[PDB]
Amino acid sequence: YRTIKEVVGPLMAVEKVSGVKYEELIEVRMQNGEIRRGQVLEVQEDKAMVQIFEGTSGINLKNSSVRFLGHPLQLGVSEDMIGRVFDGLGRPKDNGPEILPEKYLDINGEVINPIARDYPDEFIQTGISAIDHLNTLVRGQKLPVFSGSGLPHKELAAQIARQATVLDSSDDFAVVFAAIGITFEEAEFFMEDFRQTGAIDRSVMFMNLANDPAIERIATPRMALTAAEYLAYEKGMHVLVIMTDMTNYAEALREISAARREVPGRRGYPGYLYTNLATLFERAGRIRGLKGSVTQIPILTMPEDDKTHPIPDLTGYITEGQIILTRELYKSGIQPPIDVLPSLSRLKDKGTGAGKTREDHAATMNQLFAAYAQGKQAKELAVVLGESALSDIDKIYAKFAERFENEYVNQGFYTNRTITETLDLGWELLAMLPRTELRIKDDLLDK
Amino acid sequence: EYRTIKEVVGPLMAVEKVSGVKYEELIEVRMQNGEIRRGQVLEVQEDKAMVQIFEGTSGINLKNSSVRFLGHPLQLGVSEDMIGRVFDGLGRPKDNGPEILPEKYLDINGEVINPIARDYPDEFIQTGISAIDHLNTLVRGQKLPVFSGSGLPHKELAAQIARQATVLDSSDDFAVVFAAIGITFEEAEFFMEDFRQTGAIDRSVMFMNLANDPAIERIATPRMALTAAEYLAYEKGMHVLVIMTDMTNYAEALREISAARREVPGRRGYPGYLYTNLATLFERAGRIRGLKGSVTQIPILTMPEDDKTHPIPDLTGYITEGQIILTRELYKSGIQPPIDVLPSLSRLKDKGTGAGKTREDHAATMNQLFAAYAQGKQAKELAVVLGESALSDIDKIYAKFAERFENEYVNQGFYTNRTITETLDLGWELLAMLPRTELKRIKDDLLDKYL
Amino acid sequence: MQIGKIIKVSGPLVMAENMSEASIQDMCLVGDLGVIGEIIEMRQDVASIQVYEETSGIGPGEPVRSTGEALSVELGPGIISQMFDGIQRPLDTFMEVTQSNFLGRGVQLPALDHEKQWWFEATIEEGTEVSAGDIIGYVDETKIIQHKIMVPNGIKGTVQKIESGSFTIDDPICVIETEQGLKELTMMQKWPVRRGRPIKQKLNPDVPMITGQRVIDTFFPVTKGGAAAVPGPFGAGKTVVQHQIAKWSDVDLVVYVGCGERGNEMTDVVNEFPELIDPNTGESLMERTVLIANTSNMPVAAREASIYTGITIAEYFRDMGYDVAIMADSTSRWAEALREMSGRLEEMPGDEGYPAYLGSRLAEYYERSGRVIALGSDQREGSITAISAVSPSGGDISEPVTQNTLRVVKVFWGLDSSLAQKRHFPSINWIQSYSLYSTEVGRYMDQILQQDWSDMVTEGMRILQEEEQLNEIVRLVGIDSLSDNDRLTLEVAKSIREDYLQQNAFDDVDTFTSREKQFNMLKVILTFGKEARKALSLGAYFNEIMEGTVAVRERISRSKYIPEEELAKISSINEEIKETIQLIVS
């Protein structure tokens, strides 16, 4: 098809074409001989309008050809994927072996039948005391991490990837890691940390940079998730998906939407945002009759720290809870800076207690919450005037919350705590108070 | 009848090859199955006519359907037998009796009253409520609305004013036009209960429009009732009173249709013409020179999130000749009805006070009860701000007065009627608690007459 | 029908020519793959279809077939004990046929079973003058509910041939000669979801429904045909409240709709619900339940259709004269589908991104439920009682969906996770929550219980509201700052809080409480009220009244455990008060 009619920015209009389909891959043979790949964004009787991945610069319309590849964006799935690093479209950026794929899969996949899902069963020990204890992660869950620009979410991400394990199964998670539109220093942090710890042996990495095409960014989460579902539901592996940063996906999504001349809904994002996000996020869980599973830790930055911003808002409704990272804590030097007040895991009740973790799990978590509650209420009322507004009991709460934030949550991004250790240190932090301020009847269980 | 439907886009439909179709004209749609649907001509241009169908365009086949062009805009079949009857938003036999054979058909938009032909609101309507009769006097012809909120008892008050409303001369030619706008079936049924229990039905036409009725029917509802109202007021010559519930429910429908037509949303999401559109409804109230009998309007609106600077209450405020406020704070205390008289006002009140209409003393009693109740509230204010000892003896009595003013005066229950005489009698009684020296707003000769 | 032709595929928007016979809202099988779609606009023969499935790999030239109807449901034998999505796809069946755990693109499967044999039992004799809503026979469908076969809307004539026998829902079971000719009636009928089923008359829902749950039946009751809305803050035992209603309530059937919930959260409804035991039969609660399931993952049309399909089913059982309960959770996710739907249609947005006709959609929904007179000669009375959960993002009141629901519905049970942190179950906030049916329930309750029940309930409400009055004062100063007269009242309400309001869903006896038992428990604490107030007024002091009555107040704590058989056990509390009060006269 030598019938390039128009070029308007990235977009290109091919006429008198034959039997093309929406979201089909193309190649553009330029008159110099250079080849650029592209995707169909729209098709009509005569015409079909496309967007060029690389960009449109330096193309003579007359003497350039368009080849229609016949298929959408595909991932060549293989078990030689473990230990490899790919780009946002699945080409290798590591210079290893060939990677001859067992087969090619569409990157959208198919919705899990709502009655084919299985309850998220088993406890995942992330090694992080604010998660494993207060906001417990369960295999098959979707537990995201809300953060902000210039916060250590980067670090947390790599930690959960290196530390997370299920208790006594000798099963290791395969870690599918996807980076969407992150800087170099950001991508290098990750790939280095995985090589420095042997974490890459357990991982398949999809690495998309901020200066990569906007259409590649959008592909990356779907690319990574297709490899996850593959390893999990065709190879029967327990898979843990970590993806950052979703804001960058949504941002890239706006770029194409505005390119397809689509009128945005709430807050300038597409109407179909919710579906798009659900489409990605609900590619997870256990499946009745299948060995493998997909757990999902999505990571996003909250633009201007606004909770009601569509990106953290819509993600709220879809995922079972969320993990919050405040500037207030990171500036106080908290590692990791998890604010447990707004933080929640909606499934924590499925895998905690006798024979799962330990007996005291619930009580401590609930007792630590309301003690830390008044703890930060005493601190904000301490600036009313002190100490003429702090009583004998109030003093112990600002003294509780300070040590709670410093000694309990603030553990450092390379410290790996067990559930044994987390509850013990929680007991000993609780021990700061008299047995009157309630915690079960046998509270003398640990002292 | 034209068989040429070219387009349907959402609730909007484009019919080509038409002739002499007029703007605002009424249509009907014969569907391929047999179903009939009413509609409006929004915009007519060339041989094309673009229309919006009331019940929506859901499940229409374009090829095998047809349109009839009625040649006349919205119309209400009027007759004097309409009294005691219940019609819908489009004014059809909703109460199951003998079908009405209308004298004529009036366009619901009616017509503007010539400013010179207009007679100024004069005389008095006995509402039955002390806080409206005495301090914010409703005057035949006036526009006087109710400012409310969600879960407040405006519905109770609407049902009460409809019953206790009557004139102080020939009560024989007094009627009430009641409009239900976008209310729930059980809200409707409540009004049907209170109407056919005290027999206010026997002097009233009812227009019952529902929350799930097509939005355009909700828009039409008040214009039908007002067409029915002017007809009974000039044509038949009666002092007619109009009650219309949840004006907010009206505006909700207005912005819903406005958005369907892809209209540019004005302030707070409502159309730029919100002011004017409401005026084509409220200004219909008033009197006419030489013509006996008048139209008076009592619209009801719930203030969204109690906000008075909200478009609904504000733009109504900018039109009407005063306002009647219902506050949370007073319904909280069990005062029925919860009327705060401080933020309320009737502008044309002085045309229904003095001898003949009510009583000569009316003026001073109203202006003394206000000036007192105001200071009694200012006392109630510093009462629990600097301790109840900071307000002296002079202050203390006034605070006891405001206390009895709400419980006994403003509170009167939704089922006990009060005549102006009773209102004035009880008014002087509460006033008694003050020394004759502090009662300075009243001159000497008005005083010596009332025990 | 005519085969149409794709002329443009832009994102989820499809253009097609030849669509001249199709109507607006007609459902389509777009493209070769044949994905689900709905006609939104027509220009000439060119239709504009919204496709609610991955449109990738769909190009022009491909065909577009119309189903020939708007979104409908198949109604008949094989519908109870079934799990569907918002567009009524058999989720069980889907697995067996696709042999897959995944909902594949454009795979189409009949809603009910067209190959299952049933015993159709005729109950109307030949030569009968019939109309819509008349019973022509019955099928004993489950171990509980009997499927009454009804005359479809539109048919009116005379029965020529009727036999009892074993037929599929595709076999003719009847021959009725109408004014047109022979029209065979089958076992199943269809119905557009968005259009409400016809009725003879709508009547006020005045018959209160026994939910067994104390705080509801007593203080915030819903009538059979009334509607209630519930906030859904996390950890407030919402599912527990839902399930109790779903079983204890004296409705014949239950319709549950999951609008568009979190995957794993949706699986909890799927697992838990069938394992609910029907209070009366002992059989699975499914045997009288139709359940709708929708992950957020589901096609947006399905998420939007969710409550409409649900209530269309709920109505088809109401026409049989049964009492039906429809539960949807949440209606916020539904509204969230409407919002997206609005966005994709390029409409002028209303408030906070919702379409301007949101309040209208809700009114359209909540007014389809009520006490009715069904069609047919029998003039049978059915009802739909509506229970809807709302999850307002950050748990909020301001949000439009909540405000518009609360503008049309009568009852509001406000779940509070602070009262759940205080271990108060069920977690309903007695101050915030309300029921408009209260003063109406007084009429029916005083009538049927021969007592002053309304005088009792509204008194308890003066006490509980006065508690919050005093709790503001107690927390203000200290405790002794109140004379014995206040100090008494604070405990009276505490007795209501722990002995009447607090109810355990799991305890074999406390799980459900009937009218008498409820009336009694309410009275025997109210009998304590007036008696001790006369005791304190004539000299006797606070401390004297309390320390000694412990023999009966720790036996008042037991009231909620007395079996229904042992009526007079609580009735005898009215005696022990009059004696122990006479002990303080010495």
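Method reported for this entry: X-ray crystallography, 3.4 Å.
Here the Cβ of each residue, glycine as well, is placed from N, Cα and C on the backbone.
Some features that Swiss-Prot has for this protein:
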- C:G232, C:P233, C:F234, C:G235, C:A236, C:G237, C:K238, C:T239: ATP binding site (BINDING)
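Known features from Swiss-Prot, placed on the structure.
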residue: C:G232; record: ATP binding site; contacts (Cβ under 8 Å, 6+ apart): C:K238, C:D329, C:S330, C:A389, C:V390, C:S391, C:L415
residue: C:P233; record: ATP binding site; contacts (Cβ under 8 Å, 6+ apart): C:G395, C:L415, C:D416, C:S417
residue: C:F234; record: ATP binding site; contacts (Cβ under 8 Å, 6+ apart): C:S417
residue: C:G235; record: ATP binding site; contacts (Cβ under 8 Å, 6+ apart): C:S417, C:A420
residue: C:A236; record: ATP binding site; contacts (Cβ under 8 Å, 6+ apart): C:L415, C:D416, C:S417, C:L419, C:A420, C:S427
residue: C:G237; record: ATP binding site; contacts (Cβ under 8 Å, 6+ apart): C:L415, C:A420, C:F425, C:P426, C:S427, C:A505
residue: C:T239; record: ATP binding site; contacts (Cβ under 8 Å, 6+ apart): C:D268, C:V269, C:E272
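Chain A comes within the C-beta cut-off of under 8 angstroms for the following of the binding-site residues C:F234, C:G235, C:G237: C:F234. DSSP gives C:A236 (ATP binding site) a coil state; it is part of no helix or strand. The residues near the ATP site, meaning same-chain residues not in C:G232, C:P233, C:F234, C:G235, C:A236, C:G237, C:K238, C:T239 whose C-beta sits within 8 angstroms of the mean position of the site's C-beta atoms, are C:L415, C:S417, C:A420, C:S427, in sequence order. A 10 Å cutoff on Cβ-Cβ distances gives C:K238 (ATP binding site) a total of 23 other Cβ atoms nearby, all chains included.
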